[PDB]
Amino acid sequence: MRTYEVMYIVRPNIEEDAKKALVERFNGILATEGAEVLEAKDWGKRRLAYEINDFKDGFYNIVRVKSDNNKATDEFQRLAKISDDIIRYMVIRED
Amino acid sequence: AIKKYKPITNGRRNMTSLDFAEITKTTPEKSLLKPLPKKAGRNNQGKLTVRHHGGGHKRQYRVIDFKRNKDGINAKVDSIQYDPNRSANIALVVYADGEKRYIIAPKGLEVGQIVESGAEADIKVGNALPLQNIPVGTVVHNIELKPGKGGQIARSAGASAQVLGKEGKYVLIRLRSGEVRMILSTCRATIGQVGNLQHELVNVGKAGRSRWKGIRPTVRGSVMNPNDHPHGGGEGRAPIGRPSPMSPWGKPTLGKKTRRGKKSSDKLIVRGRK
Amino acid sequence: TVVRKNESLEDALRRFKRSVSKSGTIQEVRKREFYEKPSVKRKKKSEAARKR
Amino acid sequence: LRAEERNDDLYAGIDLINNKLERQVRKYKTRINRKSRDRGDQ
Amino acid sequence: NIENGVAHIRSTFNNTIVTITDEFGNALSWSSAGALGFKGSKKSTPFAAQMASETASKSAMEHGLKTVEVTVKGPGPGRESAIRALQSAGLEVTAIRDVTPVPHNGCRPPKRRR
Amino acid sequence: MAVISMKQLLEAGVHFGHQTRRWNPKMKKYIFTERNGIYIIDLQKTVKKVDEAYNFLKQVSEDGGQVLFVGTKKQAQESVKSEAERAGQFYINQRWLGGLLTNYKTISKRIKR
Amino acid sequence: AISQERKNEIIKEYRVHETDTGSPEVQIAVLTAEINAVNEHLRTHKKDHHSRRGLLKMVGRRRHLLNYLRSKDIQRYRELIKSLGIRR
Amino acid sequence: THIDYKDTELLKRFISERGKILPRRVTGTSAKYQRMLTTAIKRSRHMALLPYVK
RNA sequence: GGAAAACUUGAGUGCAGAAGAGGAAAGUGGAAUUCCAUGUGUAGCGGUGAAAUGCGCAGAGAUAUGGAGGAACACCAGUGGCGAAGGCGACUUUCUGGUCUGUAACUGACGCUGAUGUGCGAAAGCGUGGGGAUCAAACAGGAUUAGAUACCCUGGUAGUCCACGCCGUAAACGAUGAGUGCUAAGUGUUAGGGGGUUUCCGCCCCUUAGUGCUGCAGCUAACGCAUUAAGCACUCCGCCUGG
């Protein structure tokens, strides 16, 4: 009943199956408690405009969630601050 | 955190106690207790060598580990308990290995929370890990001063110390005193601030709560004769009549510094007390 | 933050003197030379807008 | 610096002449003590 | 170390100060207006910047760092007169930046001056 | 970078065309619309043409060839001389002489002059 | 406030006849949903004072309709107190 | 329409030559476009698609 | 005025669209200030109408990286927006209040004002604890002056900030109570609604309700006010009757 669009950024200095291991924990988190992801589109490497945790590049992600609970995405907000890889994150409701 | 007593009595009037809401189990753990007889200011010769100590309430000693040795084994917390022998609370942690032991309870510590005491530990409240592996800036307590001896520093209730920087085989740290000291890098210190923060705020409000603590009353020097104290008797009340206030044994007691210099840790103190 | 080359220094200044005047540096730090009262800047901005 | 009193007491009137004299000097000095003006040249 | 560096000036409302350094800043040489016998309130002049700039630049002498690409970090009267006087030393000023600290309305500034 | 950006390209005013009733039907591909008797040159598509105009003219001078610049419209006469000197190429300001590419065995007879 | 599928549900029981929203007892019931929803919000948010005069105004618009409903038929007023719990 | 905060190219013609915001006085947009713009320019500052200063 | 009915404009709910620094709680983020640690580096820095107190050779300032912490949110930003007032300005999510527009389905005077009462109410204060970066009463010191306890400068405590209880006062001001009608126009602007057009979106056109600036009638003692009345009316409340 509510349409969310998260976007989270990971480190540039990670290898291949370290990257795709971290995206597949979150899309299970972003399916928990009746969340049922529309799709998970992934941008490539972007030269991000300034210097967070003295990095120069980032791998972006776009996951669109259709929930009614706000139980999946605040769980995402809880864990993405804990992990030192996923560097920034932002959910936004679209109406 | 604290309860105020209604003034039903003159001795109960301004007295302010501490409700024990952080305490979850009011019974000690029978295998970690130990007899603690009172040596009321008296040394092995039998005579009183520090004043103002006497008969308080009877106390058991709870053996808690200030050295944190069991590396990489998790430890759930049973309970936060009362300890008469220190200002802080204590925390009965139970290892997955099976052994039970107490640590001093940090500020935010709950039951059912795991605690790792090793070098490959996450930087969380209650975890013990060497000062090399502790990142700069975090507050920390139960600090070892020599590797293996156990934590000694910042250990009373509400005490903490923040890691300031790192020398070759030393780390800088700022004490609750305000003093900046070098502590050897291969020394433990547990992450976080130790709890029971409102211990300093009790108004014990009564001449008898002080006697239950074991604190015998202190007679002033200026109400003595001049063989009991250097501030001994004039006629009537007298001013102290000397260039400085002096102790009962004839040492100047107001302002004069008594740190014994030519000492080994003189190289390690960076900034004095603030 | 503009690089000016292939010329003299008395012409890179002419770029730089108007690449600072079209920026919030000199008019910004002259504003924050002293704390103004939180209801006198609402009139100071009103005088700097009614005159345009 | 001028001042006038039309009293008859020639000791109490000068208590008012010196009052008018002391006021007029302070007018003169604060006129010329506005040298302290922060004027920075270009 | 030869012919690569960063020149830092920050002319405040008093005492134009200049420190030339390398491209990864390590303070090669510096000079001020107070280091030229300007005791007080003569330091807030463009003429003080006419001598203070090159007397750190020409008295660097440790590596021959002869390019500058100056950086401006202060609102002052001798702001552009310290880079004009830097080509009196003649050190190929190639990138002028106004890197001044501008807050995002962060702290409380001090009182008004009556 | 590669192309002219969108801001300064239409600030010059290249989106204007000539008048409707004065139209060539083959230019339908390169017209976005007409507003008040005036046509509107497709601005996104001429960027897709000026880069292709940039691509070969890059590599013509790579061979060392000579590109001729001609301009005779009276409001664009001396805008092509000053750009040929910066390029080091050969310009035309006045009218076409009538054979300076084809009968130039009699024009170079007068460039010899 | 409350959702429309919550709001359209509560106008089914107290409706007097089909397509008669705006009736007094069908707009008191949707108030009592909105009363009970906002002071549960206000229970955990005790500092929200600007939302409190939104509550205190629609308390007043419920009271002015209960006082209205007694003036023309008392037997309908007794049924609404029993259907959804109000005092007085 | 509605400005999406990922569409950087139409969103960075509105940013300044240092990273500031052009006012609608000098750009020429409408009122409700400018403040629907400014809630999208500042979500794009937060996820490093645009700087705060250059 | 009472009673029994009937009506739809007032009032309220529907349905469909919007706009918003309206509140509350929890997260996230960047620039700057201060302090500390370090590298490199050398005599002043700082400050003023002029100086001095202060700071620095136990390496200052300046510069570069990293850290900690508190406070605010540049640009957008506007005689703009929202709220009953006080007031409200980073960003995101949750929870929640109000207004406006349009449609006419529905209820059928359900309305307005409101003594006593009951709740909100800037700052400075007070209490119990936190936290303490800048700023800063009191206070200390240096200059000015004819003189100081003022102005200016260095330093600095409560406070400024958070949580919970209070206090309940401001030039709390549009120095103008609330409600509903009616009475020349011109002109900006806001959310729209339409629109005619379109524009490469541009615009320019008619439309509720806001928000300004001009200006008749009328009003005022005069300034002035003038569809946002201080004009013409009716209701109710607060209040004044020399200093």
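Just so you know, all these numbers are worked out from the coordinates, no wet-lab data involved. Positions of Cβ are backbone-derived with ideal geometry, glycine not excepted, and every protein chain shown enters the neighbour counts.
Taking the stretch B:126-150, which residues are within 16 Å of RNA strand I (Cβ to nearest atom), part of a loop (DSSP other than H, G, I, E, B) and more than 14 Å from chain A (Cβ to nearest Cβ)? Full working, then the answer.
First, the residues of the stretch B:126-150 that are within 16 Å of RNA strand I (Cβ to nearest atom): B:131-141.
Restricting the remaining residues to those that are part of a loop (DSSP other than H, G, I, E, B) gives B:131-138.
Matches in the stretch B:126-150: B:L131, B:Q132, B:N133, B:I134, B:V136, B:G137, B:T138.
Looking at the structure I just gave you, is B:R242 on the phi < 0 side of the Ramachandran plot and assigned to a loop (DSSP other than H, G, I, E, B)? So B:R242 fits the description; yes. Can you find a residue in the stretch A:6-15 that is surrounded by fewer than 16 Cβ atoms within 10 Å (Cβ to Cβ), outside any loop (DSSP other than H, G, I, E, B) and not hydrophobic (A, V, I, L, M, F, W, C)? Looking for residues that are surrounded by fewer than 16 Cβ atoms within 10 Å (Cβ to Cβ), outside any loop (DSSP other than H, G, I, E, B) and not hydrophobic (A, V, I, L, M, F, W, C), one finds none in the stretch A:6-15, hence no.
Within the stretch C:27-52, restricting attention to residues that are facing chain E (nearest Cβ under 10 Å) and near RNA strand I (Cβ under 9 Å from one of its atoms), the residue that is farthest from E:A89 (Cα to Cα) is C:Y35.
Within the stretch H:8-28, which residues are among the hydroxyl-bearing types (S, T, Y) and under 15 Å from C:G24 (Cβ atoms)?
Of the stretch H:8-28, the ones among the hydroxyl-bearing types (S, T, Y) are H:8, H:16, H:27.
H:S16, the sole residue that qualifies.
For the stretch B:245-264, which positions are of a type in the set (S, T, N, Q) and in a loop (DSSP other than H, G, I, E, B)?
Residues satisfying the conditions are B:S247, B:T253, B:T258.
Among the residues examined, B:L164 qualifies as within 16 Å of RNA strand I (Cβ to nearest atom) and assigned to a strand (DSSP E or B). The set of residues from the stretch E:1-33 being small (G, A, S), within 6 Å of RNA strand I (Cβ to nearest atom) and more than 16 Å from E:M61 (Cβ to Cβ) comprises E:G25, E:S32, E:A33.
Within the stretch A:33-52, the set of residues being charged (D, E, K, R) and in a loop (DSSP other than H, G, I, E, B) comprises A:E33, A:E36, A:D42, A:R47, A:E51. Just one of the numbered conditions (1) exposed (fewer than 10 other Cβ atoms within 10 Å of the Cβ); (2) on the phi > 0 side of the Ramachandran plot; (3) not small (G, A, S) is not true of B:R237: (2). The residues on offer are B:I134, B:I183, B:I123, and the sole one that is touching a residue at least 24 places away in the same chain (Cβ under 8 Å) and surrounded by fewer than 18 Cβ atoms within 10 Å (Cβ to Cβ) is B:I123.
Between E:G64, E:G78, E:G74, the distinction of being in a loop (DSSP other than H, G, I, E, B) and in contact with an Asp or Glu (Cβ under 7 Å, 6 or more places away or on another chain) belongs to E:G64 only. Applying the criterion of being in contact with a helix residue (DSSP H, G or I) (Cβ under 9 Å, 6 or more places away or on another chain), more than 7 Å from every other protein chain (Cβ to nearest Cβ) and part of a helix (DSSP H, G or I) to the residues of the stretch C:1-26, the residue that is farthest from E:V102 (Cα to Cα) is C:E10. Test B:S79 against the criterion of being closer than 30 Å to B:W212 by Cα, among the hydroxyl-bearing types (S, T, Y) and part of a strand (DSSP E or B), and give yes or no. Yes. Residue-level analysis places G:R61 among those that are touching a residue at least 24 places away in the same chain (Cβ under 8 Å) and near RNA strand I (Cβ under 9 Å from one of its atoms).
For the stretch E:81-90, how many residues are assigned to a loop (DSSP other than H, G, I, E, B) and within 17 Å of C:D11 (Cβ to Cβ)? It would help to see each step written out before you state the result.
Just the residues of the stretch E:81-90 that are assigned to a loop (DSSP other than H, G, I, E, B), to begin with: E:81-85, E:90.
Those still in the list that are within 17 Å of C:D11 (Cβ to Cβ) too: E:81, E:83-85, E:90.
Summing the residues that are assigned to a loop (DSSP other than H, G, I, E, B) and within 17 Å of C:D11 (Cβ to Cβ) in the stretch E:81-90 gives 5.
Scanning the stretch B:82-115 for residues that are part of a loop (DSSP other than H, G, I, E, B), surrounded by 14 or more Cβ atoms within 10 Å (Cβ to Cβ) and of a type in the set (D, E, K, R) yields B:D83, B:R86, B:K107. Taken over the stretch B:248-269, residues that are touching a residue at least 12 places away in the same chain (Cβ under 8 Å) and either in contact with a helix residue (DSSP H, G or I) (Cβ under 8 Å, 6 or more places away or on another chain) or under 22 Å from B:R51 (Cα atoms) (or both) amount to 3. Listed by first and then second residue, the pairs linking a residue in the stretch H:18-31 that is within 11 Å of another protein chain (Cβ to nearest Cβ) to a residue that is near RNA strand I (Cβ under 7 Å from one of its atoms), with Cβ atoms under 7 Å apart and 6 or more places separating them unless they lie on different chains, are H:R18/H:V53; H:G19/H:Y52; H:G19/H:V53; H:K20/C:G24; H:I21/H:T38.
Scanning the stretch A:53-95 for residues that are loosely packed, with under 14 Cβ neighbours inside 10 Å, in a loop (DSSP other than H, G, I, E, B) and within 7 Å of RNA strand I (Cβ to nearest atom) yields A:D54, A:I92. The lone criterion from (1) more than 14 Å from chain A (Cβ to nearest Cβ); (2) near RNA strand I (Cβ under 7 Å from one of its atoms) left unmet by G:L66 is number (2).
Farther than 28 Å from H:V26 by Cβ, over 18 Å from the mean Cα position of the chain (by Cα) and loosely packed, with under 10 Cβ neighbours inside 10 Å: is that true of F:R21 in this structure?
Values: farther than 28 Å from H:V26 by Cβ: yes; over 18 Å from the mean Cα position of the chain (by Cα): yes; loosely packed, with under 10 Cβ neighbours inside 10 Å: yes.
So F:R21 passes the test.
Beta carbons closer than 9 Å, at least 6 apart along the sequence or on distinct chains, pair a first residue in the stretch A:7-19 that is over 28 Å from H:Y5 (Cα atoms) with a second that is surrounded by fewer than 18 Cβ atoms within 10 Å (Cβ to Cβ) for A:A18/A:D85.
Which one is surrounded by the fewest Cβ atoms within 10 Å (Cβ to Cβ), of the residues in the stretch E:76-114 that are of a type in the set (A, V, I, L, M) and at the interface with chain C (Cβ under 9 Å from one of its Cβ atoms)?
The initial filter retains those residues of the stretch E:76-114 that are of a type in the set (A, V, I, L, M), namely E:82-83, E:85-86, E:89, E:91, E:93, E:95-96, E:99, E:102.
The next check asks that each one be at the interface with chain C (Cβ under 9 Å from one of its Cβ atoms); those that pass are E:83, E:86, E:93, E:95-96, E:99, E:102.
Values: E:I83: 23, E:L86: 24, E:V93: 22, E:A95: 17, E:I96: 24, E:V99: 13, E:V102: 15.
Only one residue tops the list, namely E:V99.
Under the condition of being surrounded by 14 or more Cβ atoms within 10 Å (Cβ to Cβ) and of a type in the set (D, E, K, R), the residues counted in the stretch B:1-29 number 2.
If you go through the stretch E:1-57 and keep only what is within 14 Å of chain D (Cβ to nearest Cβ) and in a strand (DSSP E or B), you end up with nothing. Please tell me if G:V26 is touching a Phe, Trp or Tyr at 6+ places or on another chain (Cβ under 8 Å) and either near RNA strand I (Cβ under 9 Å from one of its atoms) or aliphatic (A, V, I, L, M) (or both). Yes.
For the stretch B:174-222, filtered to residues that are of a type in the set (V, I, T) and assigned to a strand (DSSP E or B), the residue that is nearest to B:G55 (Cα to Cα) is B:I215.
Every residue, every condition in (1) more than 11 Å from every other protein chain (Cβ to nearest Cβ); (2) under 21 Å from E:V102 (Cα atoms); (3) assigned to a loop (DSSP other than H, G, I, E, B); (4) not hydrophobic (A, V, I, L, M, F, W, C), yes or no:
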{"residue": "H:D4", "(1), (2), (3), (4)": "no, no, yes, yes"}
{"residue": "H:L10", "(1), (2), (3), (4)": "no, no, no, no"}
{"residue": "H:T39", "(1), (2), (3), (4)": "no, no, no, yes"}
{"residue": "H:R45", "(1), (2), (3), (4)": "no, yes, no, yes"}
